[PDB]
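K.L.:
Residue numbers (PDB author numbering): 752 to 856. Shown below is the structure under consideration.
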């Protein structure tokens, strides 16, 4: 049915176009209409995001370094650690997961 194929194609054509532009326009419109106030929220998430991230990073590194400098002044720490660790490992050797994780990241 030629009239059928044509009527369908046409109907779906205009419908599809108007539809795409309809949903697109509505969504976009709301996005630009909400961005006005949503701007603040977005900025907050971004700021806090980078803030916390860098905060934990800078702090973490600062704690490790500072600790090393404070521990470097005393070999006792290294001895107590190396000894203790090796002690538990010698009496109870259990560190196979080290490899599994080592071959992961």
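For each residue, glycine too, the CB sits at the ideal point set by N, CA and C.
Output the distance between the C-alpha atoms of residue 761 and residue 782, rounded to the nearest integer angstrom.
P.N.:
Within the chain shown, the letter at position 10 stands for residue 761. Within the chain shown, the letter at position 31 stands for residue 782. If I take the Cα positions, the gap works out to 31 Å.
K.L.:
To the nearest angstrom, report how far apart residue 792 and residue 842 are at their CA atoms.
P.N.:
Within the chain shown, the letter at position 41 stands for residue 792. Within the chain shown, the letter at position 91 stands for residue 842. Each residue's alpha carbon lies about 56 Å from the other.
K.L.:
What do you reckon, are the CB atoms on residue 829 and residue 822 nearer than 9 Å?
P.N.:
The residue you call residue 829 lines up with position 78 of the chain shown. The residue you call residue 822 lines up with position 71 of the chain shown. Their beta carbons are under 9 Å apart, which means residue 829 touches residue 822 by this criterion.
K.L.:
Taking only three categories from DSSP, how would you classify residue 824?
P.N.:
Here residue 824 corresponds to residue number 73 of the chain shown, with the count starting at 1. Residue 824 falls in the coil class under three-state DSSP.
K.L.:
How about residue 846 and residue 840: are their beta carbons less than 9 Å apart?
P.N.:
Here residue 846 refers to the residue found at position 95 when the chain shown is read from its first residue. Here residue 840 refers to the residue found at position 89 when the chain shown is read from its first residue. In contact: residue 846 and residue 840 (Cβ atoms closer than 9 Å).
K.L.:
Please report the straight-line C-alpha distance between residue 778 and residue 768, rounded to a whole angstrom.
P.N.:
The residue you call residue 778 lines up with position 27 of the chain shown. The residue you call residue 768 lines up with position 17 of the chain shown. Going by the C-alpha atoms only, they are around 15 Å apart.
K.L.:
Taking just the CA atoms, how far does residue 788 sit from residue 752?
P.N.:
Along the chain shown, one-based indexing puts residue 752 at 1. Along the chain shown, one-based indexing puts residue 788 at 37. C-alpha separation (whole angstroms): 54 Å.
K.L.:
If you draw a straight line from the C-alpha of residue 754 to the C-alpha of residue 765, how long is it?
P.N.:
Your numbering for residue 754 matches position 3 in the chain shown. Your numbering for residue 765 matches position 14 in the chain shown. Whole-angstrom Cα-Cα distance: 16 Å.
K.L.:
Along the alpha helix (DSSP H) that carries residue 845, what are the first and last residues, could you check?
P.N.:
As a first step, residue 845 is located in the chain shown; it is residue number 94 there, counting from the start. Residue 845 -> no alpha helix (DSSP H), and no H or E assigned at all.
K.L.:
When the Cα atoms are used, what is the spatial distance from residue 835 to residue 856?
P.N.:
The sequence position of residue 835 within the chain shown is 84, counting from 1. The sequence position of residue 856 within the chain shown is 105, counting from 1. Approximately 27 Å between the Cα atoms of the pair.
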